[PDB]
Each structure stands twice: as C-alpha cells, then as structure tokens.
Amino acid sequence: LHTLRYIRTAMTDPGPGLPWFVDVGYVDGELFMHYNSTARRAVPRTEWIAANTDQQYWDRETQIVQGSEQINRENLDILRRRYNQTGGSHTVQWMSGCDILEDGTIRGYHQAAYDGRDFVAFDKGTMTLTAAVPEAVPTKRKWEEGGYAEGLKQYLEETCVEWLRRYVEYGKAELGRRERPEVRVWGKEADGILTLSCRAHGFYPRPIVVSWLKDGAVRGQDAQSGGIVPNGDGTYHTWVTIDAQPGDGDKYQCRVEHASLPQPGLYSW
C-alpha cells in the first residue's frame, strides 16, 4: 500500500511571525516537500527527493503553488462575503491525492473545508463536485462551468499514480528502513492506585502493537493509549498506561510488537 497526499491551508490569523499560506506533500505518511507564503518557493524536506530531482522540477512546482496561493487568497474573501461575515479568524483547507491499494485498484480524492467543517468534495465516478453545505451550491455552478473535472479525474487516476510510483522507487530504502525502539517501564502510586506507564522511544515504521501482561495473561482492563506521536528526526513514539493495585508492580509486563523485532519483547521494572 502506497499513498500520495497534498494538503493546503489559507489562514486569516496565523498570526505573528507566521505565513498565511502553507502547502506540504506526503509519501506513505512522510513529509517530502514544503511551501510557505513568506519564502514563496517549494523546498525539499527529505534526502531521497533532493538527490533525485533537478532545479527545473522545483521551478515548475513553485509556479503551480504560486497560482494556487492567489486562488485560496481570493477564496477567503469570496466565502466571507457569501457567509455574510465581517473580519475574524477564518480558514480554507484543501485535501488532494491518490492511494494505491492491494487490488484494491486506484482511489483518488479532492475535497475542501471552511472553518474546520466540510464544504465540497469531488466525485470522479460522476465527474461532479458534491456540495455538502447549502452555501456550497454557488461553488458547484462555477467549478463545473470551468471544466476542471475533465483534467482532474485524469490526474488522480494516471498522473498522480505515475508520480507516486517513482517517489517510492527513489526512497525505497528510506521508507523500508527498520528502527528498534528503546522500551522503558515506570510506576507511580497516587490515591491508593498504582499507575504503570510503558514508553517506546524512536521506532520506524509507524505500525506498533503495545499491550500489558499481568502474570503471563494479557490484561486490557483500565488500559489507556496515547496513540502514535512523531519525533523531530523521522522516528515515532508511543505512551501506554494501566491502573493497578499497589504492590502488584512486579506482576505487570509490557508486550511490544514491531517489524524491527523478530519476536514480541517483554519489558518489566
């Protein structure tokens, strides 16, 4: 499974020392490109993309997002006038990209949002822009009259796939790498309750299975997971907690399942 995702944001209040327009690209959930309204240029974020792309590619990419920046700049005023709003903090969000699944076939998407709520979504099957809100009917009329659907469905099904197929090939080692996590368990006694915490430090890829084991048997009672949180170097972190009786700290163990480990690693105090 391989995914390509391009997300854009048009802000009214960023606010101090921050750009109003931010555009970023993703390959299998990894940041590879960045664009901001202050610098006005598309920059590489990973080593595999910069070593495999020329300046002529980035000059072409900069021109595209520069035109997209001015369209989203106009969208902030058009939507404010339509909703009859005067000033304040308003946002325009764009979600575009394609996904390659295990037959499976191709899944393409192009959807927008205003003030964190769904506005419009493109349906490649019917070749029409679906309006989610009653204020999205004037958007549907102007978008379909422009004839964008004819070129957008060809992009999401062929061009988007063609770009993603080579991006995976460029960083095949950078995406297929394995990093072993540093697992450490801790115990803290509160108001007559012993809270045990298990943390995994710097693992790659993102999928991980972390569970608790009391006296050899897996116990999910009073268990809380903080999900998968990213680090500044590309690796991932996870935090799991369990509420137990005081003095029963030695009974509990942390079961960690990852691609880097051939067998599940059991960790104790």
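If you superpose the two forms and keep the largest set of C-alpha atoms that fall within 1.5 Å, you have the rigid core. In this text, residue numbers run from 1 along the sequence as written.
Larger average C-alpha displacement in 5 other deposited structures of this protein, relative to the shown form after a rigid core fit, is seen for 209-217 when comparing 209-217 with 28-36. Greater C-alpha displacement in 5 other deposited structures of this protein (rigid core superposition, RMS over structures and residues), of 220-228 versus 52-60: 220-228. Mean CA B-factor, 96-104 versus 141-149: the higher value falls on 96-104. For the pair 186-194 and 70-78, the mean B factor over Cα atoms is greater in 186-194. For the set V24, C254, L18, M11, the PDB entry assigns the largest Cα B-factor to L18. Residues shown: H110, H90, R117, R165. Highest C-alpha temperature factor in the entry: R165. Sort the chain's modelled residues by C-alpha temperature factor and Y236 lands in the lowest third, per the entry. In the deposited entry, the Cα temperature factor of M127 sits in the top third of values across the chain's modelled residues. In this PDB entry, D222 carries a Cα temperature factor that places it within the lowest third of its chain's modelled residues. Among the modelled residues of its chain, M33 has a C-alpha B-factor that falls in the middle third according to the deposited record. The deposited CA B-factor of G216 belongs to the middle third of values across its chain.
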